[PDB]
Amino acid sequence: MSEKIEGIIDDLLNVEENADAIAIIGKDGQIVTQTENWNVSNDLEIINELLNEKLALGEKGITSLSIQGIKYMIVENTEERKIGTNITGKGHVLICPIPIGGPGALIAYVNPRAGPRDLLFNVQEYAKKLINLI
């Protein structure tokens, strides 16, 4: 969308070499931008389902989600960060809402060599940086 958003994406991929692909989702649920090596278009419905999920006492949450044909089990879910990990070694996904608990998201697809949570401090920080810019 802007040069400052692309600068955030460029910076994230420079600082975290196990980050393989990035997608940013806007306040309106749509793709602001994403890296050329993947397209999350067809998966926006389950992604936006997860982002707007607010459980009442007895409700079971989404435990699994598919993005570009990779199935990710949810292993962490707060308003700040949500982690999906593929159980057959095909990588992980970090989904950080923008703002915290909001409809936007910074999404980082992670290489299966990394532990998903290791990229989390940086990714969380760049989601904070994106609040102004979407």
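From 1 onward, residues are counted along the sequence shown.
Relative to one another, 39 to 47 and 52 to 60 have unequal mean CA B-factors, and 52 to 60 is the one with the higher figure. Per the deposited record, the Cα B-factor of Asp11 falls in the highest third when ranked against the other modelled residues of its chain.
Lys71 sits in the middle third of its chain by CA B factor, as recorded in the PDB entry. For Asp20, the recorded CA B-factor ranks within the lowest third of the chain. Only modelled residues enter the ranking. When the CA B factors of the chain's modelled residues are split into thirds, the value for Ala127 lands in the lowest one. Sort the modelled residues of the chain by CA B factor and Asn86 lands in the lowest third.
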